[PDB]
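K.L.:
Next comes query37.cif, mmCIF, C-alpha atoms (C1' of nucleotides):
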```cif
data_model
loop_
_atom_site.label_atom_id
_atom_site.label_comp_id
_atom_site.auth_asym_id
_atom_site.auth_seq_id
_atom_site.Cartn_x
_atom_site.Cartn_y
_atom_site.Cartn_z
CA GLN A 471 0.00 0.00 0.00
CA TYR A 472 2.94 2.36 0.57
CA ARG A 473 4.17 1.43 -2.90
CA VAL A 474 0.74 2.39 -4.26
CA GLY A 475 0.91 5.67 -2.35
CA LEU A 476 4.43 6.28 -3.65
CA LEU A 477 3.26 5.63 -7.21
CA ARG A 478 0.51 8.20 -6.69
CA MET A 479 3.05 10.65 -5.25
CA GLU A 480 5.35 9.99 -8.22
CA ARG A 481 2.51 10.73 -10.64
CA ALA A 482 1.78 13.95 -8.74
CA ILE A 483 5.47 14.93 -8.78
CA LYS A 484 5.69 14.23 -12.52
CA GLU A 485 2.61 16.38 -13.12
CA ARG A 486 3.96 19.18 -10.91
CA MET A 487 7.62 19.22 -12.01
CA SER A 488 6.72 20.23 -15.58
CA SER A 489 5.50 23.62 -14.27
CA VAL A 490 8.14 24.40 -11.63
CA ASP A 491 11.68 24.59 -12.99
CA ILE A 492 14.42 22.51 -11.39
CA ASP A 493 17.07 25.26 -11.62
CA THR A 494 17.03 27.44 -8.48
CA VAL A 495 14.02 25.62 -6.99
CA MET A 496 13.20 25.30 -3.31
CA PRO A 497 14.13 21.79 -2.09
CA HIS A 498 11.31 19.21 -1.79
CA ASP A 499 8.81 21.87 -2.90
CA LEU A 500 7.03 19.69 -5.48
CA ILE A 501 6.89 16.40 -3.54
CA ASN A 502 3.54 15.93 -1.81
CA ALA A 503 2.85 14.23 1.52
CA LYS A 504 -0.95 13.78 1.54
CA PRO A 505 -1.19 10.48 -0.41
CA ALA A 506 1.86 9.16 1.47
CA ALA A 507 0.21 9.30 4.90
CA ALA A 508 -3.29 8.88 3.45
CA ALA A 509 -2.44 5.34 2.32
CA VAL A 510 -1.29 4.26 5.77
CA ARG A 511 -4.25 6.07 7.36
CA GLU A 512 -6.68 4.11 5.17
CA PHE A 513 -4.73 0.93 5.91
CA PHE A 514 -5.12 1.53 9.66
CA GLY A 515 -8.47 3.34 9.51
CA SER A 516 -10.89 1.20 7.51
CA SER A 517 -8.88 -1.70 6.05
CA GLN A 518 -10.31 -5.20 6.30
CA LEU A 519 -7.00 -6.45 7.73
CA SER A 520 -6.84 -3.66 10.34
CA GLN A 521 -10.53 -3.98 11.23
CA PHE A 522 -10.10 -4.91 14.90
"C1'" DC B 1 -27.09 -39.12 -63.49
"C1'" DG B 2 -23.57 -36.73 -59.82
"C1'" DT B 3 -22.81 -31.93 -57.63
"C1'" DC B 4 -23.38 -27.51 -56.14
"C1'" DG B 5 -26.52 -22.60 -56.14
"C1'" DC B 6 -29.03 -21.61 -52.66
"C1'" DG B 7 -31.64 -21.91 -48.27
"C1'" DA B 8 -32.88 -23.21 -42.96
"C1'" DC B 9 -31.38 -25.70 -38.89
"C1'" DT B 10 -30.62 -26.41 -34.24
"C1'" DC B 11 -26.24 -26.44 -31.73
"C1'" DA B 12 -22.66 -24.20 -29.60
"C1'" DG B 13 -21.08 -19.55 -27.79
"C1'" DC B 14 -21.39 -15.10 -25.20
"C1'" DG B 15 -23.68 -11.90 -21.38
"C1'" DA B 16 -26.00 -12.42 -16.13
"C1'" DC B 17 -29.12 -12.31 -9.73
"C1'" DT B 18 -28.23 -14.45 -4.68
"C1'" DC B 19 -25.43 -15.73 -0.62
"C1'" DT B 20 -30.17 -18.14 5.57
"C1'" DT B 21 -32.31 -16.29 10.01
"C1'" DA B 22 -31.19 -12.46 15.16
"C1'" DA B 23 -26.88 -11.08 16.78
"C1'" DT B 24 -20.34 -9.17 18.74
"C1'" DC B 25 -18.65 -1.97 18.62
"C1'" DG B 26 -18.53 3.84 16.10
"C1'" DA B 27 -16.40 6.89 13.71
"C1'" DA B 28 -13.62 6.33 9.38
"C1'" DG B 29 -8.35 9.18 4.15
"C1'" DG B 30 -6.76 12.28 -0.41
"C1'" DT B 31 -6.70 17.26 -4.57
"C1'" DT B 32 -3.48 22.25 -3.89
"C1'" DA B 33 -2.33 29.16 -10.98
"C1'" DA B 34 -3.83 34.57 -9.18
"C1'" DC B 35 -7.19 39.28 -9.25
"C1'" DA B 36 -11.24 42.55 -9.89
"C1'" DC B 37 -15.56 45.18 -9.72
"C1'" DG B 38 -20.41 44.32 -9.04
"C1'" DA B 39 -24.80 42.28 -7.38
"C1'" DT B 40 -25.92 39.68 -3.25
"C1'" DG B 41 -26.76 38.74 0.85
"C1'" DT B 42 -25.24 39.22 6.49
"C1'" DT B 43 -25.28 41.51 10.68
"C1'" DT B 44 -26.14 45.94 14.24
"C1'" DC B 45 -28.91 49.73 16.15
"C1'" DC B 46 -33.05 52.29 16.06
"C1'" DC B 47 -37.00 53.91 16.22
"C1'" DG B 48 -42.64 52.27 15.60
"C1'" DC B 49 -46.33 49.78 17.90
"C1'" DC B 50 -47.31 46.99 21.15
"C1'" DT B 51 -47.15 44.42 24.28
"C1'" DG B 52 -47.00 43.85 30.25
"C1'" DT B 53 -45.76 45.72 34.98
"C1'" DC B 54 -47.06 47.50 39.23
"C1'" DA B 55 -48.28 51.67 41.27
"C1'" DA B 56 -51.52 56.07 42.17
"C1'" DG B 57 -56.36 57.68 42.48
"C1'" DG B 58 -61.21 56.75 42.88
"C1'" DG B 59 -65.96 54.50 43.37
"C1'" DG B 60 -69.22 50.66 43.99
"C1'" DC B 61 -70.39 46.50 46.25
"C1'" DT B 62 -70.21 43.66 50.03
"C1'" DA B 63 -70.31 43.06 54.74
"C1'" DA B 64 -69.77 43.85 59.85
"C1'" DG B 65 -70.74 46.60 64.04
"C1'" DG B 66 -73.68 49.76 66.77
"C1'" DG B 67 -78.12 51.94 68.10
"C1'" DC B 68 -83.33 52.14 68.74
#
```
Let me see whether you can do it: turn the structure in this file into structure tokens.
P.N.:
Amino acid sequence: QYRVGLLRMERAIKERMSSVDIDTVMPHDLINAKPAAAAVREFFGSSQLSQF
DNA sequence: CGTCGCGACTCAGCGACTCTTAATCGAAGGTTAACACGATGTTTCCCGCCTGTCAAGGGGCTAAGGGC
């Protein structure tokens, strides 16, 4: 599930890096963190394996 | 005196609704251009009309006490 979240984050970073230039760019400014923690939250929030 | 030109034929094949009956505990995670007038509501007081106090005054009715 973290690999799925990382694939989503990679898609987001690929969609966002085309707009923001890489030369003189603020570090880690295009990498998102919502789908990273959202995947583990769903895994521990309402997953069938983490049900109880 | 054979077949094939030309026709149906039923056979396959492909899609598709339910999972008893009561019950063991409540919610549940992300997606990230910038600005501008305008017309459109939102929210405060402010007087208008009116509603509700208790009081003041009084009289009128009821009743109780005293005298013949």
K.L.:
Pull the closest atom pair for each residue of chain B that gets at most 6 Å from chain A, along with the distance in Å to one decimal, counting only C-alpha atoms (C1' of nucleotides), ordering rows by chain and then ascending residue number, as a Markdown table.
P.N.:
```
| residue | atom | partner | partner_atom | distance |
| --- | --- | --- | --- | --- |
| B:28 | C1' | A:515 | CA | 6.0 |
| B:29 | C1' | A:508 | CA | 5.1 |
| B:30 | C1' | A:505 | CA | 5.9 |
```
K.L.:
Can those selected residues be exported to a file as a PDB file, in the frame of the given file so that it contains C-alpha atoms (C1' of nucleotides)?
P.N.:
```
ATOM      1  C1'  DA B  28     -13.620   6.330   9.380  1.00  0.00           C
ATOM      2  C1'  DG B  29      -8.350   9.180   4.150  1.00  0.00           C
ATOM      3  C1'  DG B  30      -6.760  12.280  -0.410  1.00  0.00           C
TER       4       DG B  30
END
```
K.L.:
Hey, can I get the axis-aligned box for region 489-507 of chain A? All listed atoms, 5 Å padding on each side, centre and edge lengths in Å to one decimal, as AutoDock Vina command-line options.
P.N.:
```
--center_x 7.9 --center_y 18.3 --center_z -4.7 --size_x 28.3 --size_y 28.3 --size_z 29.2
```
K.L.:
Exactly which residues make up the result of the PyMOL selection byres ((chain A and resi 499) around 10) on this file, given as a count of residues only?
P.N.:
11
K.L.:
Separation of CA of residue 489 (chain A) and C1' of residue 32 (chain B), in Å?
P.N.:
13.8 Å
K.L.:
Kindly give the distance, in Å, that separates CA of residue 478 (chain A) and CA of residue 494 (chain A), rounded to a single decimal.
P.N.:
25.4 Å
K.L.:
Complete the atom set of region 485-518 of chain A to N, CA and C atoms and return it as a PDB file, in the coordinates of the input.
P.N.:
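Saved result, out.pdb, follows:
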```pdb
ATOM      1  N   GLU A 485       3.537  15.366 -12.618  1.00  0.00           N
ATOM      2  CA  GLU A 485       2.610  16.380 -13.120  1.00  0.00           C
ATOM      3  C   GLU A 485       2.990  17.774 -12.641  1.00  0.00           C
ATOM      4  N   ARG A 486       3.629  17.881 -11.476  1.00  0.00           N
ATOM      5  CA  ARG A 486       3.960  19.180 -10.910  1.00  0.00           C
ATOM      6  C   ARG A 486       5.332  19.694 -11.332  1.00  0.00           C
ATOM      7  N   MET A 487       6.266  18.799 -11.663  1.00  0.00           N
ATOM      8  CA  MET A 487       7.620  19.220 -12.010  1.00  0.00           C
ATOM      9  C   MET A 487       7.682  19.886 -13.381  1.00  0.00           C
ATOM     10  N   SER A 488       6.722  19.603 -14.264  1.00  0.00           N
ATOM     11  CA  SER A 488       6.720  20.230 -15.580  1.00  0.00           C
ATOM     12  C   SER A 488       6.457  21.733 -15.496  1.00  0.00           C
ATOM     13  N   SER A 489       5.793  22.199 -14.438  1.00  0.00           N
ATOM     14  CA  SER A 489       5.500  23.620 -14.270  1.00  0.00           C
ATOM     15  C   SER A 489       6.618  24.347 -13.534  1.00  0.00           C
ATOM     16  N   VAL A 490       7.091  23.782 -12.428  1.00  0.00           N
ATOM     17  CA  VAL A 490       8.140  24.400 -11.630  1.00  0.00           C
ATOM     18  C   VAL A 490       9.496  23.946 -12.159  1.00  0.00           C
ATOM     19  N   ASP A 491      10.358  24.910 -12.466  1.00  0.00           N
ATOM     20  CA  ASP A 491      11.680  24.590 -12.990  1.00  0.00           C
ATOM     21  C   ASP A 491      12.564  23.998 -11.904  1.00  0.00           C
ATOM     22  N   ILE A 492      13.506  23.155 -12.329  1.00  0.00           N
ATOM     23  CA  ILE A 492      14.420  22.510 -11.390  1.00  0.00           C
ATOM     24  C   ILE A 492      15.633  23.376 -11.061  1.00  0.00           C
ATOM     25  N   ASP A 493      15.942  24.375 -11.882  1.00  0.00           N
ATOM     26  CA  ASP A 493      17.070  25.260 -11.620  1.00  0.00           C
ATOM     27  C   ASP A 493      16.634  26.353 -10.645  1.00  0.00           C
ATOM     28  N   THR A 494      17.342  26.462  -9.520  1.00  0.00           N
ATOM     29  CA  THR A 494      17.030  27.440  -8.480  1.00  0.00           C
ATOM     30  C   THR A 494      15.610  27.231  -7.944  1.00  0.00           C
ATOM     31  N   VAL A 495      15.326  26.000  -7.527  1.00  0.00           N
ATOM     32  CA  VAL A 495      14.020  25.620  -6.990  1.00  0.00           C
ATOM     33  C   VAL A 495      14.182  25.272  -5.522  1.00  0.00           C
ATOM     34  N   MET A 496      13.176  25.621  -4.728  1.00  0.00           N
ATOM     35  CA  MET A 496      13.200  25.300  -3.310  1.00  0.00           C
ATOM     36  C   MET A 496      13.205  23.785  -3.126  1.00  0.00           C
ATOM     37  N   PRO A 497      14.056  23.244  -2.253  1.00  0.00           N
ATOM     38  CA  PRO A 497      14.130  21.790  -2.090  1.00  0.00           C
ATOM     39  C   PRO A 497      12.809  21.202  -1.604  1.00  0.00           C
ATOM     40  N   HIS A 498      12.521  19.982  -2.073  1.00  0.00           N
ATOM     41  CA  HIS A 498      11.310  19.210  -1.790  1.00  0.00           C
ATOM     42  C   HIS A 498      10.034  20.055  -1.836  1.00  0.00           C
ATOM     43  N   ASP A 499       9.972  21.002  -2.772  1.00  0.00           N
ATOM     44  CA  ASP A 499       8.810  21.870  -2.900  1.00  0.00           C
ATOM     45  C   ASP A 499       7.706  21.275  -3.757  1.00  0.00           C
ATOM     46  N   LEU A 500       8.026  20.305  -4.614  1.00  0.00           N
ATOM     47  CA  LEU A 500       7.030  19.690  -5.480  1.00  0.00           C
ATOM     48  C   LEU A 500       6.549  18.335  -4.978  1.00  0.00           C
ATOM     49  N   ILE A 501       7.283  17.702  -4.069  1.00  0.00           N
ATOM     50  CA  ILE A 501       6.890  16.400  -3.540  1.00  0.00           C
ATOM     51  C   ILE A 501       5.765  16.598  -2.528  1.00  0.00           C
ATOM     52  N   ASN A 502       4.682  15.848  -2.699  1.00  0.00           N
ATOM     53  CA  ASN A 502       3.540  15.930  -1.810  1.00  0.00           C
ATOM     54  C   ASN A 502       3.655  14.908  -0.685  1.00  0.00           C
ATOM     55  N   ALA A 503       2.879  15.135   0.376  1.00  0.00           N
ATOM     56  CA  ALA A 503       2.850  14.230   1.520  1.00  0.00           C
ATOM     57  C   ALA A 503       1.455  13.742   1.874  1.00  0.00           C
ATOM     58  N   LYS A 504       0.403  14.237   1.209  1.00  0.00           N
ATOM     59  CA  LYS A 504      -0.950  13.780   1.540  1.00  0.00           C
ATOM     60  C   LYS A 504      -1.161  12.322   1.174  1.00  0.00           C
ATOM     61  N   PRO A 505      -0.967  11.895  -0.079  1.00  0.00           N
ATOM     62  CA  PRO A 505      -1.190  10.480  -0.410  1.00  0.00           C
ATOM     63  C   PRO A 505      -0.219   9.531   0.279  1.00  0.00           C
ATOM     64  N   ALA A 506       0.931  10.018   0.746  1.00  0.00           N
ATOM     65  CA  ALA A 506       1.860   9.160   1.470  1.00  0.00           C
ATOM     66  C   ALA A 506       1.250   8.694   2.789  1.00  0.00           C
ATOM     67  N   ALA A 507       0.842   9.641   3.636  1.00  0.00           N
ATOM     68  CA  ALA A 507       0.210   9.300   4.900  1.00  0.00           C
ATOM     69  C   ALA A 507      -1.237   8.873   4.743  1.00  0.00           C
ATOM     70  N   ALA A 508      -1.900   9.286   3.660  1.00  0.00           N
ATOM     71  CA  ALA A 508      -3.290   8.880   3.450  1.00  0.00           C
ATOM     72  C   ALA A 508      -3.396   7.380   3.231  1.00  0.00           C
ATOM     73  N   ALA A 509      -2.417   6.785   2.548  1.00  0.00           N
ATOM     74  CA  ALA A 509      -2.440   5.340   2.320  1.00  0.00           C
ATOM     75  C   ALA A 509      -2.364   4.577   3.629  1.00  0.00           C
ATOM     76  N   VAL A 510      -1.422   4.950   4.498  1.00  0.00           N
ATOM     77  CA  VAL A 510      -1.290   4.260   5.770  1.00  0.00           C
ATOM     78  C   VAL A 510      -2.490   4.552   6.673  1.00  0.00           C
ATOM     79  N   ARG A 511      -3.061   5.755   6.575  1.00  0.00           N
ATOM     80  CA  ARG A 511      -4.250   6.070   7.360  1.00  0.00           C
ATOM     81  C   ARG A 511      -5.426   5.186   6.943  1.00  0.00           C
ATOM     82  N   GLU A 512      -5.632   5.018   5.635  1.00  0.00           N
ATOM     83  CA  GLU A 512      -6.680   4.110   5.170  1.00  0.00           C
ATOM     84  C   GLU A 512      -6.371   2.668   5.535  1.00  0.00           C
ATOM     85  N   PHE A 513      -5.092   2.286   5.532  1.00  0.00           N
ATOM     86  CA  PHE A 513      -4.730   0.930   5.910  1.00  0.00           C
ATOM     87  C   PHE A 513      -5.007   0.661   7.386  1.00  0.00           C
ATOM     88  N   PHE A 514      -4.855   1.674   8.236  1.00  0.00           N
ATOM     89  CA  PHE A 514      -5.120   1.530   9.660  1.00  0.00           C
ATOM     90  C   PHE A 514      -6.463   2.099  10.082  1.00  0.00           C
ATOM     91  N   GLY A 515      -7.192   2.738   9.170  1.00  0.00           N
ATOM     92  CA  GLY A 515      -8.470   3.340   9.510  1.00  0.00           C
ATOM     93  C   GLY A 515      -9.670   2.481   9.176  1.00  0.00           C
ATOM     94  N   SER A 516      -9.726   1.965   7.944  1.00  0.00           N
ATOM     95  CA  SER A 516     -10.890   1.200   7.510  1.00  0.00           C
ATOM     96  C   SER A 516     -10.517  -0.029   6.688  1.00  0.00           C
ATOM     97  N   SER A 517      -9.286  -0.516   6.796  1.00  0.00           N
ATOM     98  CA  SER A 517      -8.880  -1.700   6.050  1.00  0.00           C
ATOM     99  C   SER A 517      -9.473  -2.956   6.670  1.00  0.00           C
ATOM    100  N   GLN A 518      -9.754  -3.941   5.814  1.00  0.00           N
ATOM    101  CA  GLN A 518     -10.310  -5.200   6.300  1.00  0.00           C
ATOM    102  C   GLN A 518      -9.315  -5.960   7.161  1.00  0.00           C
TER     103      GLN A 518
END
```
